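Architecture and fold: a report
Given next are the chains, with one letter for each unit.
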Amino acid sequence: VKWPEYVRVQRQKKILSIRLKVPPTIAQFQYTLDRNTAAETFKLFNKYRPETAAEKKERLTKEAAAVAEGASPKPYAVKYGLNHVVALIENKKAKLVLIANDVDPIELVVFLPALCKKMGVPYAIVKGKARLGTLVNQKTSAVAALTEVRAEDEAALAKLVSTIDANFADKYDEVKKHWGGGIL
Amino acid sequence: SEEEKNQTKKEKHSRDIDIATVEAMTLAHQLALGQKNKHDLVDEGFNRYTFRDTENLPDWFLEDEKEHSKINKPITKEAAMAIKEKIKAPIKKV
Amino acid sequence: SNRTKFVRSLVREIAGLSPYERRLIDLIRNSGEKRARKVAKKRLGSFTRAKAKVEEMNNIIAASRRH
Amino acid sequence: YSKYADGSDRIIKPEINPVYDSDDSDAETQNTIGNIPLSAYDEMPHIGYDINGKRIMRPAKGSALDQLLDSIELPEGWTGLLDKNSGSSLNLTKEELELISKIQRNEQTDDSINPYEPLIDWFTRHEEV
Amino acid sequence: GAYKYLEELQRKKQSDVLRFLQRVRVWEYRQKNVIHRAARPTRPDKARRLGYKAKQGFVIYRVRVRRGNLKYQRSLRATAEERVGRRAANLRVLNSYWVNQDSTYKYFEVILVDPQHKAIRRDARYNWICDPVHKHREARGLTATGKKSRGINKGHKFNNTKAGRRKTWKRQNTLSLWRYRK
Amino acid sequence: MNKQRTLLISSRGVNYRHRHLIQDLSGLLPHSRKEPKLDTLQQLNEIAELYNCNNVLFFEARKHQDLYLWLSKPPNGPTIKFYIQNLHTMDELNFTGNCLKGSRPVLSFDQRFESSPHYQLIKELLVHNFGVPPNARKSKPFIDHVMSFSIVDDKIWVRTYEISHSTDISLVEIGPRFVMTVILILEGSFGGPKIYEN
RNA sequence: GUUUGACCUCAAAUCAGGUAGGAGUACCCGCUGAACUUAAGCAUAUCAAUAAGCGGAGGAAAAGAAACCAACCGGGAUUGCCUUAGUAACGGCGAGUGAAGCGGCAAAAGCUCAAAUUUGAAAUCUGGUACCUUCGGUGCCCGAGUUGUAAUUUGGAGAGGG
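Residues numbered from 1 in each chain as written, not as in the entry; some residues may be left out. Chains lettered and ligands numbered in written order. Part of a larger assembly, values for the part shown. Heavy atoms only, no water.

For this deposition, the record names cryo-EM as the technique by which the model was determined and cites 4.72 Å as its resolution.

See the structure below:
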């Protein structure tokens, strides 16, 4: 019996990560926002999908056409860029931060939750970088953050932040102990 | 026969601790003479391979780690001589 | 720069302590600074580097159980 | 503390005793001989002179049967090289061999320390303003 | 940005997180071939500071080289660069960086730029590599590792190799004879 | 009773002759500790503390021609700088020496050492700094070599001789020989006011 | 949902568009690297950091804008020639080897990134298609990119504002 080499390699990697002891800085993920609150966050974030290329192009063409014949505030949108997210973090401008748990280079995201908690900025870990990508008109971003929001959604954002603090931040603060990967 | 079984326990432990490598022989030689006492070896016994769990990992992974987790350190001819004598086991052969 | 120091401290906390750093802090806790400095100046070559490492380990130990 | 000769205060640290620590690259010599070959003293019944200059009589007056037994079945502590304090082989204790084996296959050396200590986040305790 | 944090973290290679990452990646690469393409660089900060860009035309390759030497007089980094340039003949080698190492082998990541791609050609900041004079830079030791091995530097410490040992030896070991003898 | 230790430290630039001088000094003195290098000055006292050492010898050199030496008690003692000019290494074949490594030394001081308080201070410093303790870890019981010190023209001359017998004793010059001047004396170890200056 | 797709990794096309071998080789950049000969026969040594062999480029190549030289009233990229100098210095201090500062002159050009949020809008670009004032330009389309494509800037500092 034989299977493709890459399939065997990835299966071995999975069964090794399941069995290899990792420092608490690793395995800080795998304790993630529950399905309920994750769906609520997606619903809240689904209303602030960044304008896609087609939408921006059509809007600009329409504006130009009106101008050719001869005021609104900044459109609130989710911030996802890792460099931009880490810049909103450490500056206190960020209100809600989402972290993908399935980033290929783990080192790129290990320090993000620690920095977020050090700066006292709410943060949440959500399964699937694709899910963040699906709502940002990209394949994946590995991170998502929120900025100034419409007054209508301010109460929803505050409630979501409180729920996240009650569910994940406070409950899983013990994640520092219990070195992951100890399953027999 | 309780003592008989106990004797075999020490024999198994001794067989798993006897020096069998050139690096081990050099370490034993340095420990015997005053070059590196127990404290010096303990201080030197911390390197890249320390803090690595191996009881739970699969055998096919430990084997890969076994043959790729060694350090080549300066060996000594005097120590290398001792291991050769230890490995030593005739009229017909003569 | 305050930002650089903050980033370095965050990296040190998240990265942790290397096995030689672990032994250094263990000797500081269970022994005196003499053995720690002797080991630091035996792993590290330059004396000032060993002194800086010892000071960093002392600060880490002090901040571990405080605040 | 008292001051220097010219308006400079100086703390008089206690005089440091020139004692030797348990590990200071200096062992219990007890023989006064250096790294010289042990070929000498074979005919004499002593091995050098210890501190203060008195003869170190050779105690390794073993029997032929004992030597032969230790030759075929080498002692677990056998190390080949002889000891400076006597003609008997400087056999290592089982405890030393255990540490040597632990070092030689990437085992733990400084026991009693937990290899999986929780990450005590000292810096995260504070919050920036 | 996150680049500074990654750079700071990478310096602590002995750290537990990086320890586990290296212990996993050493087996992951050993299971793979000696030389294989990498989808993305494992050390984005190091590549970025080395001139690497995410635009089309840049390729990240992983290579394995044996360790040891009855002697050898070239760096394993230069050997890996040459062995990767001898396969991607249509790619120009710019630089490489260490990503991991093993007792028997060392692992290095090399960034490759294709001068044929129009994006590179149209880029004024990278079109300079399209000149044929830069062909097989690794084979001539013109890379960072090659220059370091060659000893090209300034000061008394590199007089014998300030402008190449062979060139200076040839220039100095010449009996100059002018028309009007001095 | 008497117990002492010495720390040997050499700055960058020590030529092979000076390196051999330091090496043979470390062999003549069994209570000596050697260190790799030093860069910059008060740090030297900490190094002695790390080894619980009661003395320190620093071989300064501004250029690689003129050797300099500092003798002091690291904790709080004074320091004296010597501008050594003449120097003969242990690797000279003109002197035949079978001296036992680290054996008890015998000092020889002339009357000039007692002619001034600072002369007495340097005499005592040499006595305890170069005088191996009777119960030193690496010392040897028998006496085979002696040390001779004579000061003339304001500078102290250092000589060493091995002893010999016959079948009522004779001695032959051995070891390094050099001349040391008195440049500067400090109240404290590598610090404090300058008490004496030539 | 005993389901569907997102992804991430890895394959295939005689797939669309491309590139690489090799030859030549006085000079250039590296790897590799001996011996004949010569000194107290030859142990260090000279021949030699050479020939042979191997890989990589052009009309020139390399290097080039200091982790440089100096210790002064400082010099101010690299390269080349004279001097420095057969000097400093090495040399079983025996044969021999042997620079570098500065000074005289041919020429001069300096620079570009990383690391700062565009965040009041990834503003970037590869490729296919229809046209044209076809070494390329415009509209449309697909895709790469947020694990970072646009703009400013980097020790001479620089950036947000009045």
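1. Overview of the overall build of chain B
Assigned secondary structure in chain B consists of five helices and zero strands. When the helices and strands of chain B are placed in sequence order, the string is α-α-α-α-α. By the compact-globule yardstick of 12 Å for 94 residues, chain B is too spread out, its C-alpha radius of gyration being 18 Å. Accessible surface computed for chain B: about 6800 Å², of which carbon and sulfur atoms make up 52%. Distance from the positive charge centre (18 side chains) to the negative charge centre (19 side chains) of chain B: 7 Å. (Helix = DSSP H or I, 4+ residues; strand = E, 2+ residues; numbered from the N terminus. Rg over C-alpha atoms; globule rule 2.2 N^0.38 Å. Areas by Shrake-Rupley, 256 points an atom, 1.4 Å probe, with all protein chains shown as cover. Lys, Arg positive; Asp, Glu negative; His and termini not counted. Charge placed at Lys NZ, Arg CZ, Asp CG, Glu CD.)

2. Details of the sheet that holds strand β1 (residues 35–38) of chain E
Residues and elements named next belong to chain E. Sheet architecture is open: four strands sit in the order β1-β2-β4-β3, paired in antiparallel fashion. Two strands close off the open sheet at either side, each with one partner strand: β1 and β3 (92–101). The sheet shows a mean angle of 30° between the axes of neighbouring strands, direction not considered. Pairing analysis gives eight bridges linking β3 to strand β4 (residues 105–113), with the strands arranged antiparallel. From the neighbouring strand, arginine 92 faces β4, where its bridge partner is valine 113. Across the sheet, helix α2 (residues 16–31) lies against β1, β2 (58–66), β3 and β4, angled at about 120° from β3, the strand it touches most. (Pairing = 2+ DSSP bridges. Axes fitted to C-alpha atoms, helices over the stretch in contact; angles between N-to-C directions. Contact = heavy atoms within 4.5 Å.)

3. Examining the pairing of β4 of chain E
Residue and element names in this part refer to chain E. Counting buried residues along β4, nine of its nine residues qualify, which places the element largely inside the surrounding structure. Judged from the nine bridges that link them, β2 and β4 form a sheet pairing that is antiparallel. The residue bridging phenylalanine 58 from the neighbouring strand is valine 113, located in β4. Two successive antiparallel strands, β3 and β4, enclose a turn made up of three residues. (Buried < 20%, exposed > 50% of the residue type's maximum accessible area, 1.4 Å probe, protein only.)

4. Some words on the interface of chain B and chain C
With nine residues of chain B at the contact, the number on the chain C side is seven residues. Here chain B and chain C share an interface that buries about 720 Å² over both sides, 45% of which is from carbon and sulfur atoms. For the pair chain B and chain C, the interface holds three salt bridges. Two residues, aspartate 40 of chain B and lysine 42 of chain C, come together in a salt bridge whose shortest N-O distance is 3.2 Å. Here chain B is connected to chain C by seven residue pairs in polar contact. Residue composition of the side of chain B that touches chain C, grouped by class: three nonpolar, three polar and three charged. (Buried area = accessible area lost by both parts, 1.4 Å probe. Salt bridge = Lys/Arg side-chain N within 4 Å of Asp/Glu carboxyl O. Polar contact = N/O pair within 3.5 Å; in protein donor to acceptor, adjacent residues only side chain to side chain. Nonpolar A, V, L, I, M, F, W, Y, C, P; charged D, E, K, R; others polar.)

5. Looking at the sheet that holds strand β3 (residues 143–146) of chain A
All names here are of chain A. If you trace the three strands from one edge of the open sheet to the other, you get β2-β1-β3, paired in mixed fashion. On the outer flanks of this sheet lie β2 (123–126) and β3, each paired with one strand and no other. Strand-to-strand twist across the sheet, computed as the mean angle between neighbouring axes with direction ignored, equals 20°. The pairing of strand β1 (residues 96–100) with β2 spans four bridges and is classified as parallel. Among the inter-strand pairings, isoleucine 99 is bridged to a residue of β2, identified as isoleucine 125. The strands touched by helix α5 (residues 107–118) are β1, β2 and β3; relative to β1, the strand with the most contacts, the crossing angle is about 155°.

6. Observations regarding the protein's contact with RNA strand G
Taken together, 77 residues sit near RNA strand G, with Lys139 of chain A, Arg3 of chain C together with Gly1, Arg140 and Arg150 of chain E positioned nearest. Here, RNA strand G places atoms within 4 Å of the protein, and 69% of those atoms are sugar or phosphate. Between RNA strand G and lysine 74 of chain A, the relevant distance is 3.3 Å, taken from a base nitrogen to a main-chain nitrogen or oxygen of the residue. Between RNA strand G and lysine 139 of chain A, the relevant distance is 2.3 Å, taken from a phosphate oxygen to a side-chain nitrogen or oxygen of the residue. Of all the secondary-structure elements, those providing two or more residues to the surface near RNA strand G are α3 (53–69), α4 (82–88) and α6 (129–134) of chain A together with α1 (2–11), α3 (44–49), α5 (118–122), α6 (144–150) and α7 (165–172) of chain E. Ranked by residue count, the leading element in the surface near RNA strand G is α7 of chain E, at seven residues. (Near = heavy atom within 4 Å.)

7. Let's talk about the side chain of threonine 26 of chain B
Residue and element names in this part refer to chain B. Its location among the elements puts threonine 26 in helix α2 (residues 22–32). Engagement of the side chain of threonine 26 in a polar contact is seen with the backbone oxygen of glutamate 23, the distance being 2.5 Å. If near-sequence neighbours (up to four positions away) are discounted, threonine 26 is found in contact with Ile75, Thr76 and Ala79.

8. Looking at a positive patch on the surface
On the surface, a cluster of positive charge is made up of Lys157 of chain E together with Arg12, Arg19, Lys34 and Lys37 of chain F. Checked against the element boundaries, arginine 19 of chain F lands in helix α1 (residues 16–28). (Patch = residues over 30% accessible without salt bridge, like charges linked within 9 Å, V, L, I, M, F, W, Y side chains within 5 Å.)

9. Let's talk about the interface of chain D and chain F
Contacts between the two partners involve 26 residues from chain D, matched on the other side by 28 residues from chain F. Here chain D and chain F share an interface that buries about 2400 Å² over both sides, 51% of which is from carbon and sulfur atoms. At the junction of chain D and chain F, the tally comes to six salt bridges. Counting the contacts that link chain D with chain F gives 13 residue pairs in polar contact. By residue class, the composition of the side of chain D that touches chain F is eleven nonpolar, six polar and nine charged.

10. Observations regarding the arrangement of the chains
At the C-alpha level, the nearest point of chain B lies 12 Å from chain F, with no contact between them. Over all C-alpha pairs, chain E and chain F never come within contact, reaching a minimum spacing of 16 Å.

11. Brief notes about the packing of aromatic side chains
Between two aromatic rings, the relevant description is the distance of the centres plus the angle of the planes. This model, assessed by the stated rule, comprises 19 aromatic pairs over all chains. When the centroid spacing of 5.0 Å and the interplanar angle of 85° are considered together, the rings of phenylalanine 58 of chain E and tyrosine 126 of chain E count as edge-to-face. The class of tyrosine 126 of chain E is buried, set by a relative accessible area of 10%. Chaining the aromatic ring pairs together yields one cluster made of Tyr31, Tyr123, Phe168 and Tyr172 of chain A. When the ring centre of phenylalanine 123 of chain D is taken as reference, the NZ or CZ atom of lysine 118 of chain A above it lies at 5.1 Å. (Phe/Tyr/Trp six-rings, centres within 6.5 Å; stacked < 30°, edge-to-face > 60°. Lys NZ or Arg CZ within 6 Å of the ring centre and 35° of its normal.)

12. Looking at the pairing of strand β1 (residues 6–10) of chain F
All names here are of chain F. When you tally the buried positions in β1, you get five out of five residues, the bulk of the element. Burial along β1 is two-sided: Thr6, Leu8 and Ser10 facing one way and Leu7 and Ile9 facing the other are all buried. Sheet analysis places β1 next to strand β2 (residues 32–34), joined by three bridges and oriented parallel. Bridged to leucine 8 within β2 is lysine 34. Where β1 meets strand β3 (residues 56–59), four bridges bridge the pair, whose relative direction is parallel. Looking across to β3, one finds that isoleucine 9 is bridged to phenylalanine 58.

13. Details of the side chain of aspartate 153 of chain A
Residues and elements named next belong to chain A. Relative to the assigned elements, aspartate 153 resides in helix α7 (residues 151–169). Classification of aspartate 153 by relative accessible area gives buried; the value is 7%. When residues no more than four places from it in sequence are discounted, the contact partners of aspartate 153 are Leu44, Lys47 and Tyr48.

14. A closer look at the nonpolar core
By size, the foremost hydrophobic cluster in this structure holds 84 residues, and its most contacted members are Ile89, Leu96, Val97, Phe111 and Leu112 of chain A. Take this core: its biggest share by element is eight residues, from α5 of chain A. Here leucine 112 of chain A is in contact with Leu82, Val86, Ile89, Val97, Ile99 and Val143 of chain A, once residues within four sequence places are set aside. Counting residues in hydrophobic clusters, the runner-up holds 31 residues, among them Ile22, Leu67, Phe113 and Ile122 of chain F. (Core = buried A, V, L, I, M, F, W, Y, C linked by side-chain atoms within 4.5 Å.)

15. A few points about the pattern of salt bridges
Within this structure, the stated rule accounts for 47 salt bridges over all chains. A salt bridge links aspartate 110 of chain D to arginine 23 of chain C, with the nearest nitrogen and oxygen atoms 3.0 Å apart. Of this pair, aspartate 110 of chain D sits in the segment after α2 (94–104) while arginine 23 of chain C sits in helix α2 (residues 19–30), on two different chains. The class of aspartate 110 of chain D is buried, set by a relative accessible area of 15%. The class for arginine 23 of chain C is buried, based on a relative accessible area of 7%. Between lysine 81 of chain F and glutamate 60 of chain F there is a salt bridge, and its shortest N-O distance comes to 3.6 Å. On the criterion of sequence distance, the pair formed by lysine 81 of chain F in strand β5 (residues 79–84) and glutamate 60 of chain F in the loop between β3 and β4 (67–72) is long-range, its members being 21 residues apart. Like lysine 81 of chain F, the residue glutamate 60 of chain F is buried in the burial classification. Each of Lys34 and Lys38 of chain C, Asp21, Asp24 and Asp26 of chain D together with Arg5, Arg33 and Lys138 of chain F takes part in salt bridges that share partners, so that together they form one network.

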